[PDB]
$ cat coords34.txt   # compact mmCIF, C-alpha atoms and all ligand atoms
# COMPACT_ATOMS: atom_id res chain seq x y z
CA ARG A 5 23.60 12.90 16.78
CA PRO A 6 25.37 11.20 13.87
CA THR A 7 27.48 13.14 11.42
CA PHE A 8 25.73 13.77 8.08
CA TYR A 9 27.22 14.07 4.61
CA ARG A 10 25.77 15.46 1.39
CA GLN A 11 25.62 13.91 -2.06
CA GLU A 12 23.83 14.51 -5.35
CA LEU A 13 21.98 11.63 -7.02
CA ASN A 14 20.00 12.11 -10.23
CA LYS A 15 19.63 15.81 -9.49
CA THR A 16 18.38 15.46 -5.89
CA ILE A 17 20.51 16.30 -2.85
CA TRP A 18 20.77 13.61 -0.14
CA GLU A 19 21.93 14.41 3.42
CA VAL A 20 22.23 11.31 5.58
CA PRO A 21 24.14 9.89 8.55
CA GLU A 22 27.59 8.49 7.60
CA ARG A 23 26.30 5.00 8.55
CA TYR A 24 24.41 4.95 5.22
CA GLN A 25 26.93 4.38 2.36
CA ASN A 26 26.93 3.44 -1.38
CA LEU A 27 23.64 5.27 -2.01
CA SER A 28 22.20 4.19 -5.41
CA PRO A 29 18.86 5.56 -6.74
CA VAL A 30 16.10 2.89 -6.83
CA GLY A 31 13.32 5.13 -8.18
CA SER A 32 11.99 8.71 -8.46
CA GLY A 33 8.35 8.98 -7.32
CA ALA A 34 5.36 11.20 -6.53
CA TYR A 35 5.66 9.66 -3.04
CA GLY A 36 9.31 10.75 -2.81
CA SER A 37 12.88 10.01 -3.91
CA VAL A 38 14.09 6.48 -3.00
CA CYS A 39 17.75 5.33 -2.87
CA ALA A 40 19.17 1.87 -2.02
CA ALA A 41 21.91 2.16 0.67
CA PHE A 42 24.21 -0.12 2.72
CA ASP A 43 24.06 0.36 6.50
CA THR A 44 27.59 0.05 7.98
CA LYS A 45 26.11 -0.39 11.51
CA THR A 46 23.85 -3.37 10.61
CA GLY A 47 25.61 -4.97 7.60
CA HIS A 48 22.17 -4.78 5.90
CA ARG A 49 21.07 -3.08 2.63
CA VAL A 50 18.31 -0.48 3.28
CA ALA A 51 15.78 1.55 1.27
CA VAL A 52 15.86 5.30 2.10
CA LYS A 53 12.95 7.59 1.17
CA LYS A 54 13.30 11.38 1.24
CA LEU A 55 10.00 13.28 1.66
CA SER A 56 9.44 15.66 -1.27
CA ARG A 57 8.96 19.21 0.12
CA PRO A 58 7.26 18.03 3.32
CA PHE A 59 5.92 21.38 4.54
CA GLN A 60 5.22 23.32 1.32
CA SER A 61 1.48 23.52 2.02
CA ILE A 62 -1.00 22.56 4.71
CA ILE A 63 -1.91 19.54 2.59
CA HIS A 64 1.72 18.41 2.19
CA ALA A 65 2.43 19.02 5.87
CA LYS A 66 -0.51 16.97 7.13
CA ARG A 67 0.40 14.28 4.61
CA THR A 68 3.97 14.21 5.92
CA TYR A 69 2.69 13.74 9.48
CA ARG A 70 0.18 11.12 8.32
CA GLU A 71 2.89 9.06 6.63
CA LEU A 72 5.25 9.21 9.61
CA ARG A 73 2.49 8.29 12.08
CA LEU A 74 1.37 5.40 9.85
CA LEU A 75 4.82 3.95 9.34
CA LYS A 76 5.76 4.30 13.00
CA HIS A 77 2.71 2.21 13.94
CA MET A 78 3.35 -0.64 11.48
CA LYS A 79 5.05 -3.61 13.26
CA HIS A 80 4.15 -6.72 11.27
CA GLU A 81 6.13 -9.31 9.32
CA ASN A 82 4.36 -8.53 6.01
CA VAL A 83 4.21 -4.73 6.35
CA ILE A 84 6.97 -2.19 5.81
CA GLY A 85 8.55 -1.38 9.17
CA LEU A 86 10.67 1.66 10.04
CA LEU A 87 14.30 1.00 10.83
CA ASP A 88 15.18 4.70 11.07
CA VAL A 89 13.77 8.21 10.74
CA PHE A 90 16.06 11.24 10.63
CA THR A 91 16.49 14.86 9.52
CA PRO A 92 19.75 16.81 9.08
CA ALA A 93 18.11 19.64 11.05
CA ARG A 94 19.58 20.45 14.48
CA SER A 95 16.43 22.37 15.51
CA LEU A 96 12.75 22.76 14.71
CA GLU A 97 13.45 26.12 13.08
CA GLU A 98 15.81 24.39 10.63
CA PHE A 99 13.48 21.38 10.13
CA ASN A 100 12.65 21.06 6.43
CA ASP A 101 13.40 17.46 5.33
CA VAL A 102 12.36 14.02 6.55
CA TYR A 103 14.08 10.74 5.63
CA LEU A 104 12.51 7.27 6.22
CA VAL A 105 14.63 4.06 6.36
CA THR A 106 13.41 0.44 5.89
CA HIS A 107 15.00 -2.92 4.91
CA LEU A 108 15.68 -3.20 1.14
CA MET A 109 13.55 -6.05 -0.35
CA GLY A 110 15.08 -8.16 -3.18
CA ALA A 111 12.38 -7.60 -5.84
CA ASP A 112 9.09 -5.82 -6.78
CA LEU A 113 5.98 -7.94 -7.64
CA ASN A 114 6.12 -6.52 -11.22
CA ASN A 115 9.72 -7.80 -11.63
CA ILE A 116 8.69 -11.27 -10.34
CA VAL A 117 5.73 -11.45 -12.78
CA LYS A 118 8.12 -10.55 -15.66
CA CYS A 119 10.87 -12.91 -14.37
CA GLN A 120 8.81 -16.15 -14.19
CA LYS A 121 5.30 -17.63 -14.42
CA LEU A 122 4.40 -18.28 -10.76
CA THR A 123 3.35 -21.76 -9.54
CA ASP A 124 -0.11 -22.04 -7.89
CA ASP A 125 1.74 -22.76 -4.61
CA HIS A 126 3.74 -19.50 -5.08
CA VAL A 127 0.49 -17.55 -5.78
CA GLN A 128 -1.07 -19.00 -2.57
CA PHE A 129 1.97 -17.96 -0.46
CA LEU A 130 2.25 -14.44 -1.95
CA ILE A 131 -1.46 -13.70 -1.75
CA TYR A 132 -1.61 -15.28 1.71
CA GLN A 133 1.07 -12.85 2.93
CA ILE A 134 -0.67 -9.82 1.41
CA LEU A 135 -3.90 -10.79 3.18
CA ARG A 136 -1.98 -11.51 6.40
CA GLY A 137 -0.43 -8.04 6.31
CA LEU A 138 -3.79 -6.65 5.24
CA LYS A 139 -5.62 -8.24 8.18
CA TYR A 140 -3.20 -6.34 10.43
CA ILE A 141 -3.65 -3.00 8.63
CA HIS A 142 -7.45 -3.20 8.65
CA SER A 143 -7.37 -4.24 12.32
CA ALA A 144 -5.97 -0.78 13.04
CA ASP A 145 -8.85 0.84 11.09
CA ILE A 146 -6.52 1.76 8.22
CA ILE A 147 -7.24 1.41 4.52
CA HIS A 148 -3.98 0.99 2.59
CA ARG A 149 -5.55 2.45 -0.59
CA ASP A 150 -2.74 1.68 -3.02
CA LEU A 151 -1.94 -2.01 -3.15
CA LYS A 152 -0.28 -2.73 -6.48
CA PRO A 153 2.65 -4.83 -7.71
CA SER A 154 5.22 -2.03 -7.26
CA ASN A 155 4.04 -1.50 -3.66
CA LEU A 156 4.73 -5.19 -2.91
CA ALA A 157 8.20 -6.67 -2.58
CA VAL A 158 9.71 -10.05 -1.72
CA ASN A 159 13.05 -11.51 -0.66
CA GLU A 160 14.85 -14.65 -1.83
CA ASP A 161 12.46 -16.82 0.21
CA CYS A 162 9.41 -15.16 -1.40
CA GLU A 163 8.70 -13.49 1.94
CA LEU A 164 6.59 -10.44 1.09
CA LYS A 165 6.11 -6.94 2.49
CA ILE A 166 3.39 -4.38 1.78
CA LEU A 167 5.05 -1.04 1.09
CA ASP A 168 4.06 2.61 0.59
CA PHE A 169 0.56 3.43 1.81
CA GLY A 170 -1.94 5.48 -0.15
CA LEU A 171 -1.83 8.95 1.39
CA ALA A 172 -4.75 10.58 -0.47
CA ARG A 173 -7.89 11.38 1.55
CA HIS A 174 -11.13 13.27 0.93
CA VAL A 183 2.44 8.70 -12.09
CA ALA A 184 -0.03 6.59 -10.07
CA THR A 185 -1.56 3.51 -11.79
CA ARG A 186 -5.40 3.14 -11.79
CA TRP A 187 -5.15 -0.60 -12.76
CA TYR A 188 -5.54 -2.02 -9.19
CA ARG A 189 -7.92 0.77 -8.01
CA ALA A 190 -11.47 -0.15 -6.83
CA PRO A 191 -14.27 1.32 -9.05
CA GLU A 192 -15.84 3.34 -6.16
CA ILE A 193 -12.57 5.28 -5.50
CA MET A 194 -12.59 6.32 -9.22
CA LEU A 195 -16.37 7.18 -9.01
CA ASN A 196 -15.99 9.43 -5.87
CA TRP A 197 -18.42 7.35 -3.68
CA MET A 198 -16.73 9.00 -0.59
CA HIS A 199 -17.38 6.31 2.11
CA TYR A 200 -14.77 3.72 1.14
CA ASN A 201 -14.76 0.22 2.69
CA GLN A 202 -11.48 -1.60 3.61
CA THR A 203 -12.81 -3.91 0.78
CA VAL A 204 -11.28 -1.45 -1.76
CA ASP A 205 -7.92 -3.05 -0.73
CA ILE A 206 -9.50 -6.54 -1.33
CA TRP A 207 -10.42 -5.45 -4.89
CA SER A 208 -6.73 -4.50 -5.36
CA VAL A 209 -5.73 -7.93 -3.99
CA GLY A 210 -8.02 -9.60 -6.52
CA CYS A 211 -6.44 -7.67 -9.40
CA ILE A 212 -2.98 -8.67 -8.21
CA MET A 213 -3.90 -12.34 -7.77
CA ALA A 214 -5.36 -12.49 -11.29
CA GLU A 215 -2.12 -11.06 -12.67
CA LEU A 216 0.05 -13.50 -10.69
CA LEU A 217 -2.03 -16.39 -12.05
CA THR A 218 -2.13 -15.32 -15.72
CA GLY A 219 1.00 -13.16 -16.07
CA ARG A 220 -1.15 -10.31 -17.44
CA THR A 221 -2.71 -7.18 -16.01
CA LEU A 222 -6.40 -7.93 -15.40
CA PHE A 223 -7.65 -4.39 -16.15
CA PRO A 224 -4.96 -2.40 -18.04
CA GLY A 225 -7.02 0.73 -18.67
CA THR A 226 -5.62 3.47 -20.89
CA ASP A 227 -7.37 6.22 -18.92
CA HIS A 228 -10.05 6.73 -16.29
CA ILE A 229 -13.12 5.85 -18.39
CA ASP A 230 -11.35 2.91 -20.08
CA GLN A 231 -10.48 1.47 -16.67
CA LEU A 232 -14.16 1.34 -15.68
CA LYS A 233 -15.05 0.05 -19.16
CA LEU A 234 -12.74 -2.94 -18.69
CA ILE A 235 -14.01 -3.57 -15.14
CA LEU A 236 -17.67 -3.73 -16.16
CA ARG A 237 -16.85 -6.15 -19.02
CA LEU A 238 -15.57 -8.69 -16.48
CA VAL A 239 -17.97 -8.20 -13.54
CA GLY A 240 -20.97 -6.97 -15.53
CA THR A 241 -23.18 -3.93 -15.23
CA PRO A 242 -24.47 -3.25 -11.71
CA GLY A 243 -27.18 -5.52 -10.34
CA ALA A 244 -30.56 -4.35 -9.10
CA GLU A 245 -29.43 -4.75 -5.49
CA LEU A 246 -26.56 -2.35 -6.20
CA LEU A 247 -28.68 0.12 -8.21
CA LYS A 248 -30.82 0.47 -5.08
CA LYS A 249 -27.92 2.16 -3.26
CA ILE A 250 -27.29 4.90 -5.87
CA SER A 251 -29.16 8.17 -5.19
CA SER A 252 -28.64 10.09 -8.48
CA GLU A 253 -31.35 9.38 -11.11
CA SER A 254 -28.95 10.54 -13.88
CA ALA A 255 -26.22 8.11 -12.77
CA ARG A 256 -28.79 5.26 -12.69
CA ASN A 257 -30.14 6.33 -16.12
CA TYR A 258 -26.61 6.28 -17.60
CA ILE A 259 -26.00 2.71 -16.27
CA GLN A 260 -29.42 1.68 -17.73
CA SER A 261 -28.32 3.39 -21.01
CA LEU A 262 -25.13 1.26 -21.15
CA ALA A 263 -25.56 -2.01 -23.03
CA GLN A 264 -26.26 -4.52 -20.28
CA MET A 265 -23.23 -6.78 -19.69
CA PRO A 266 -23.56 -10.13 -17.87
CA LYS A 267 -20.87 -10.94 -15.30
CA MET A 268 -18.38 -13.27 -17.10
CA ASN A 269 -17.88 -16.73 -15.56
CA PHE A 270 -14.48 -16.64 -13.76
CA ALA A 271 -13.95 -20.39 -14.43
CA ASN A 272 -13.82 -19.57 -18.19
CA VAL A 273 -11.79 -16.30 -17.72
CA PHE A 274 -9.16 -17.96 -15.46
CA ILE A 275 -9.38 -21.45 -17.07
CA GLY A 276 -6.48 -23.72 -16.01
CA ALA A 277 -6.29 -21.89 -12.64
CA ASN A 278 -6.93 -23.82 -9.39
CA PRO A 279 -10.74 -23.87 -8.87
CA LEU A 280 -10.26 -22.69 -5.25
CA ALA A 281 -8.20 -19.73 -6.59
CA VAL A 282 -11.03 -18.94 -9.06
CA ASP A 283 -13.62 -19.21 -6.26
CA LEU A 284 -11.59 -16.80 -4.15
CA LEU A 285 -11.25 -14.39 -7.10
CA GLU A 286 -15.03 -14.38 -7.40
CA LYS A 287 -15.33 -13.34 -3.76
CA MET A 288 -12.83 -10.46 -4.14
CA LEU A 289 -13.81 -8.94 -7.51
CA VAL A 290 -17.40 -8.10 -6.64
CA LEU A 291 -18.70 -4.74 -7.76
CA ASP A 292 -20.72 -4.16 -4.56
CA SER A 293 -18.08 -3.53 -1.90
CA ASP A 294 -20.47 -4.62 0.86
CA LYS A 295 -20.26 -8.11 -0.64
CA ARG A 296 -16.48 -8.49 -1.01
CA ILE A 297 -14.73 -10.97 1.28
CA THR A 298 -12.72 -9.45 4.13
CA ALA A 299 -9.01 -10.04 4.70
CA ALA A 300 -9.76 -12.21 7.77
CA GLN A 301 -12.41 -14.25 5.94
CA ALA A 302 -10.08 -14.72 2.96
CA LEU A 303 -7.30 -16.11 5.19
CA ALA A 304 -9.69 -18.89 6.22
CA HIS A 305 -10.47 -19.72 2.56
CA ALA A 306 -9.61 -23.27 1.50
CA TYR A 307 -7.10 -21.94 -1.06
CA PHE A 308 -4.77 -21.04 1.85
CA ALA A 309 -5.12 -24.35 3.71
CA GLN A 310 -1.34 -24.97 3.41
CA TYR A 311 -0.39 -21.66 5.09
CA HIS A 312 -3.35 -20.58 7.25
CA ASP A 313 -2.53 -20.47 10.97
CA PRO A 314 -5.28 -18.74 12.99
CA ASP A 315 -2.81 -18.30 15.85
CA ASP A 316 -0.09 -16.59 13.79
CA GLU A 317 -2.10 -13.90 11.98
CA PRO A 318 -1.73 -11.08 14.49
CA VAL A 319 -3.66 -7.85 14.70
CA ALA A 320 -2.50 -4.29 15.37
CA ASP A 321 -2.53 -2.07 18.42
CA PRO A 322 -5.18 0.68 18.33
CA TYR A 323 -4.13 3.49 16.02
CA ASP A 324 -5.00 7.04 17.10
CA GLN A 325 -5.83 8.88 13.88
CA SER A 326 -7.92 11.62 15.48
CA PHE A 327 -5.47 13.98 13.73
CA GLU A 328 -7.19 13.27 10.40
CA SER A 329 -10.07 15.45 11.66
CA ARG A 330 -7.82 18.40 12.62
CA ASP A 331 -7.36 21.66 10.72
CA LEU A 332 -4.14 23.09 12.15
CA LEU A 333 -1.66 25.74 11.12
CA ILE A 334 1.25 24.65 8.96
CA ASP A 335 3.62 25.34 11.87
CA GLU A 336 1.70 22.92 14.11
CA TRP A 337 1.86 20.13 11.52
CA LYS A 338 5.58 20.75 11.10
CA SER A 339 6.01 20.77 14.88
CA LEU A 340 4.06 17.57 15.49
CA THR A 341 6.10 15.83 12.77
CA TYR A 342 9.33 16.97 14.41
CA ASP A 343 8.15 15.52 17.75
CA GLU A 344 7.49 12.19 16.02
CA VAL A 345 10.96 12.31 14.46
CA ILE A 346 12.55 13.02 17.86
CA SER A 347 10.67 10.28 19.69
CA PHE A 348 11.28 7.46 17.19
CA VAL A 349 12.90 4.36 18.73
CA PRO A 350 14.49 1.81 16.38
CA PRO A 351 13.27 -1.78 16.68
CA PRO A 352 15.61 -4.19 18.42
CA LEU A 353 18.10 -6.32 16.49
CA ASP A 354 16.69 -9.74 15.66
CA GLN A 355 17.83 -12.78 17.62
CA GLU A 356 19.16 -14.33 14.40
CA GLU A 357 21.33 -11.19 14.12
CA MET A 358 23.27 -11.86 17.36
CA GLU A 359 25.35 -14.93 18.24
CA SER A 360 26.09 -16.61 21.60
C1 LIG B 401 16.95 -5.23 -5.08
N1 LIG B 401 15.77 -4.58 -4.53
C2 LIG B 401 14.82 -3.95 -5.41
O1 LIG B 401 14.98 -3.87 -6.59
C3 LIG B 401 13.61 -3.29 -4.79
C4 LIG B 401 13.51 -2.95 -3.39
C5 LIG B 401 12.25 -2.31 -3.10
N2 LIG B 401 11.93 -1.84 -1.78
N3 LIG B 401 12.38 -2.37 -0.68
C6 LIG B 401 11.93 -1.62 0.26
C7 LIG B 401 11.24 -0.44 -0.19
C8 LIG B 401 10.63 0.64 0.40
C9 LIG B 401 10.04 1.64 -0.40
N4 LIG B 401 9.42 2.76 0.27
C10 LIG B 401 9.98 3.19 1.54
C11 LIG B 401 11.27 3.45 1.68
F1 LIG B 401 12.15 3.33 0.63
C12 LIG B 401 11.81 3.90 3.04
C13 LIG B 401 11.00 4.03 4.07
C14 LIG B 401 9.51 3.74 3.90
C15 LIG B 401 9.05 3.34 2.73
CL1 LIG B 401 7.32 2.99 2.48
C16 LIG B 401 10.08 1.57 -1.81
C17 LIG B 401 9.44 2.64 -2.68
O2 LIG B 401 8.25 2.13 -3.25
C18 LIG B 401 7.68 2.98 -4.22
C19 LIG B 401 10.71 0.47 -2.39
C20 LIG B 401 11.28 -0.52 -1.61
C21 LIG B 401 11.42 -2.15 -4.23
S1 LIG B 401 12.18 -2.77 -5.65
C1 LIG B 402 -22.60 8.94 -14.51
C2 LIG B 402 -22.61 7.48 -14.04
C3 LIG B 402 -21.62 7.33 -12.89
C4 LIG B 402 -22.08 6.25 -11.93
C5 LIG B 402 -21.40 6.47 -10.58
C6 LIG B 402 -22.30 5.88 -9.50
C7 LIG B 402 -22.87 7.01 -8.67
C8 LIG B 402 -22.03 7.13 -7.41
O1 LIG B 402 -22.33 8.34 -6.79
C9 LIG B 402 -22.38 8.26 -5.40
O2 LIG B 402 -23.57 7.72 -4.95
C10 LIG B 402 -23.52 7.58 -3.55
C11 LIG B 402 -24.81 6.91 -3.06
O3 LIG B 402 -25.94 7.49 -3.68
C12 LIG B 402 -23.37 8.96 -2.90
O4 LIG B 402 -23.23 8.81 -1.51
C13 LIG B 402 -22.14 9.70 -3.42
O5 LIG B 402 -22.15 11.02 -2.96
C14 LIG B 402 -22.18 9.71 -4.94
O6 LIG B 402 -21.02 10.18 -5.55
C1 LIG B 403 -22.11 2.00 -10.12
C2 LIG B 403 -20.78 2.44 -10.75
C3 LIG B 403 -19.78 1.28 -10.70
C4 LIG B 403 -19.05 1.28 -9.36
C5 LIG B 403 -19.67 0.27 -8.39
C6 LIG B 403 -18.94 0.35 -7.04
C7 LIG B 403 -19.87 -0.05 -5.89
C8 LIG B 403 -19.06 -0.28 -4.62
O1 LIG B 403 -19.92 -0.74 -3.62
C9 LIG B 403 -20.37 0.29 -2.80
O2 LIG B 403 -19.30 0.73 -2.00
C10 LIG B 403 -19.70 1.85 -1.26
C11 LIG B 403 -18.54 2.38 -0.41
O3 LIG B 403 -17.54 2.80 -1.27
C12 LIG B 403 -20.83 1.50 -0.28
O4 LIG B 403 -21.24 2.64 0.43
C13 LIG B 403 -22.01 0.92 -1.06
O5 LIG B 403 -22.95 0.41 -0.17
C14 LIG B 403 -21.52 -0.22 -1.94
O6 LIG B 403 -22.58 -0.69 -2.74
$ encode --input "coords34.txt" --output "structure tokens"
Amino acid sequence: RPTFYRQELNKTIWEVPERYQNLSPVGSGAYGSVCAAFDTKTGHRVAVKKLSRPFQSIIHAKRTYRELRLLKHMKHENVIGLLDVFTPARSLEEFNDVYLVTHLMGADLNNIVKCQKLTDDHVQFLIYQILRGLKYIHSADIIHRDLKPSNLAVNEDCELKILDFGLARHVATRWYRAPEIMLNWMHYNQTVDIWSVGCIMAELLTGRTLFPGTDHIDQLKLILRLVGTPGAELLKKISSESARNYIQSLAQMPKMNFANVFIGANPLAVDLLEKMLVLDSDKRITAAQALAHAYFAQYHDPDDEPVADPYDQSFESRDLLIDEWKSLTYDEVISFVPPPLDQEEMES
């Protein structure tokens, strides 16, 4: 067991192994409190996330366990991977905080969009890597649920990682959200992530948020103006008469031509945007289909787009006591095994 030390940053107390040094706050979030740190043992800067009140309620406790299970499973070049998990607690009875450690990426997608207008080649590489990481996530039967520029980060080589997963089931931007998640459809496809990819791609191409809604209804207003009011084939899948009547009541809007909306963009990029930003989620392109799209010809390698090991999420169906959730989380903390040092990290 390492020795821990305590320290106050922006009004939150941080207790961490002495290996972590120079803690600097990166952000304060609904997800948790995040601080940049330097790891003396690896010589590498790290991002440390402290779980906010992990066991305050059954919902928070299950969510804590969900996040730890998720992140422990993720081993992919374009997905956040866990370098460390720890708690200052010496026993389960004392267990009340969880800290998660990952490599610190150089920049957020939002910072990159502000910093420069991306080249089409840069857009192809960044979106290719999101879809590559996404193929892996969906292969484990996981929906990320919260792809957005601040959950995407790159290094100096524009190598990209997908970060914090959406932990809601059954403060937080609605701009990249799929319309069905807002409308409470309740049987979400993995395609909701593809809708979020399409929103991000548009923004990388134009420099501007595609759908910057001011509130919930405005968000859907802006979406329908681009993709149009729902088609007959979609109206067939909606049971409520009142919901159908309201859509019929709305002034009919034709889907806008993407070629005009994204004019000056690569035509292949516009074609791919059309296949992502479809209202009907059954008709959105999948991550694996999108990686074979001609727009990614320069980067596509069918033999280097790996898939995930099976992910046991039978826990999602459990209703357990708060003490069981806390206890299962503690077991996962105890059993965590750090990944090995990279070859590039060692010498002769
Ligand atoms: C110079 N560098 C910069 O400015 C930036 C670096 C990053 N960056 N790099 C890695 C990273 C990981 C997380 N989440 C997290 C974590 F901290 C620890 C464990 C697990 C997880 Cl999911 C967050 C929080 O996202 C809301 C931001 C992160 C973003 S801007
Ligand atoms: C008031 C106009 C809102 C339009 C929202 C679309 C209606 C979505 O409503 C959804 O329809 C699904 C299929 O019938 C059902 O399975 C879901 O329970 C229901 O929420
Ligand atoms: C009609 C109000 C505007 C929102 C349109 C979103 C339609 C998304 O598409 C829907 O996704 C559902 C799963 O979430 C599927 O069950 C439906 O079959 C599919 O049509």
$ residues_near_point --input "coords34.txt" --point "(-6.5, 2.9, -2.8)" --cutoff "8 Å" --atoms "all atoms listed in the file" --output "MDAnalysis selection string"
chainID A and resid 147:151 170 189:190 193 204:205 208
$ atom_distance --input "coords34.txt" --atom1 "atom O1 of ligand LIG 403 (chain B)" --atom2 "atom CA of residue 124 of chain A"
29.4 Å
$ residues_near_ligand --input "coords34.txt" --ligand "ligand LIG 402 (chain B)" --cutoff "8 Å" --atoms "all atoms listed in the file" --output "list in words"
residues 192, 195, 196, 197, 198, 199, 249, 250, 251, 252, 254, 255, 256, 257, 258 and 259 of chain A
$ closest_residue --input "coords34.txt" --among "A:139, A:10, A:155, A:290" --to "residue 314 of chain A" --atoms "only C-alpha atoms"
A:139
$ atom_distance --input "coords34.txt" --atom1 "atom CA of residue 228 of chain A" --atom2 "atom CA of residue 200 of chain A"
18.3 Å
$ residues_around --input "coords34.txt" --residues "segment 320-336 of chain A" --least-positions-apart "6" --cutoff "9 Å" --atoms "only C-alpha atoms" --output "PyMOL selection string"
chain A and resi 59-63+65-66+70+73-74+77-80+139-146
$ atom_distance --input "coords34.txt" --atom1 "atom CA of residue 130 of chain A" --atom2 "atom CA of residue 107 of chain A"
18.5 Å
$ residues_around --input "coords34.txt" --residues "residue 23 of chain A" --least-positions-apart "6" --cutoff "9 Å" --atoms "only C-alpha atoms" --output "list in words"
residues 6, 7, 8, 42, 43, 44, 45 and 46 of chain A
$ residues_around --input "coords34.txt" --residues "residue 270 of chain A" --least-positions-apart "3" --cutoff "8 Å" --atoms "all atoms listed in the file" --output "MDAnalysis selection string"
chainID A and resid 273:275 282:283 285:286
$ residues_near_ligand --input "coords34.txt" --ligand "ligand LIG 401 (chain B)" --cutoff "6 Å" --atoms "all atoms listed in the file" --output "PDB file with C-alpha atoms, keeping the file's coordinate frame"
ATOM      1  CA  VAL A  38      14.090   6.480  -3.000  1.00  0.00           C
ATOM      2  CA  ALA A  51      15.780   1.550   1.270  1.00  0.00           C
ATOM      3  CA  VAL A  52      15.860   5.300   2.100  1.00  0.00           C
ATOM      4  CA  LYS A  53      12.950   7.590   1.170  1.00  0.00           C
ATOM      5  CA  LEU A 104      12.510   7.270   6.220  1.00  0.00           C
ATOM      6  CA  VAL A 105      14.630   4.060   6.360  1.00  0.00           C
ATOM      7  CA  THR A 106      13.410   0.440   5.890  1.00  0.00           C
ATOM      8  CA  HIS A 107      15.000  -2.920   4.910  1.00  0.00           C
ATOM      9  CA  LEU A 108      15.680  -3.200   1.140  1.00  0.00           C
ATOM     10  CA  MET A 109      13.550  -6.050  -0.350  1.00  0.00           C
ATOM     11  CA  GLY A 110      15.080  -8.160  -3.180  1.00  0.00           C
ATOM     12  CA  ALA A 111      12.380  -7.600  -5.840  1.00  0.00           C
ATOM     13  CA  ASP A 112       9.090  -5.820  -6.780  1.00  0.00           C
ATOM     14  CA  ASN A 155       4.040  -1.500  -3.660  1.00  0.00           C
ATOM     15  CA  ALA A 157       8.200  -6.670  -2.580  1.00  0.00           C
ATOM     16  CA  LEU A 167       5.050  -1.040   1.090  1.00  0.00           C
ATOM     17  CA  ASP A 168       4.060   2.610   0.590  1.00  0.00           C
TER      18      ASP A 168
END
$ closest_residue --input "coords34.txt" --among "A:94, A:48, A:5, A:152" --to "residue 342 of chain A" --atoms "only C-alpha atoms"
A:94
$ residues_near_point --input "coords34.txt" --point "(20.2, -2.6, 15.1)" --cutoff "9 Å" --atoms "only C-alpha atoms" --output "number ranges by chain"
A: 45-46, 87, 350-354, 357
$ closest_atom_pairs --input "coords34.txt" --of "segment 158-280 of chain A" --to "segment 132-135 of chain A" --cutoff "8 Å" --atoms "all atoms listed in the file" --output "Markdown table"
| residue | atom | partner | partner_atom | distance |
| --- | --- | --- | --- | --- |
| A:163 | CA | A:133 | CA | 7.7 |
| A:164 | CA | A:133 | CA | 6.3 |
| A:165 | CA | A:134 | CA | 7.4 |
| A:166 | CA | A:134 | CA | 6.8 |
| A:209 | CA | A:134 | CA | 7.6 |
$ residues_around --input "coords34.txt" --residues "residue 11 of chain A" --least-positions-apart "5" --cutoff "9 Å" --atoms "only C-alpha atoms" --output "list in words"
residues 16, 17, 18, 19, 20 and 27 of chain A
$ closest_residue --input "coords34.txt" --among "A:237, A:284, A:346, A:316" --to "residue 296 of chain A" --atoms "only C-alpha atoms"
A:284
$ axis_aligned_box --input "coords34.txt" --around "segment 310-313 of chain A" --padding-each-side "3 Å" --output "JSON"
{"center_x": -1.9, "center_y": -22.7, "center_z": 7.2, "size_x": 9.0, "size_y": 10.5, "size_z": 13.6}
$ closest_residue --input "coords34.txt" --among "A:153, A:240, A:225, A:31" --to "ligand LIG 403 (chain B)" --atoms "all atoms listed in the file"
A:240
$ closest_residue --input "coords34.txt" --among "A:262, A:84, A:194, A:281" --to "ligand LIG 403 (chain B)" --atoms "all atoms listed in the file"
A:194
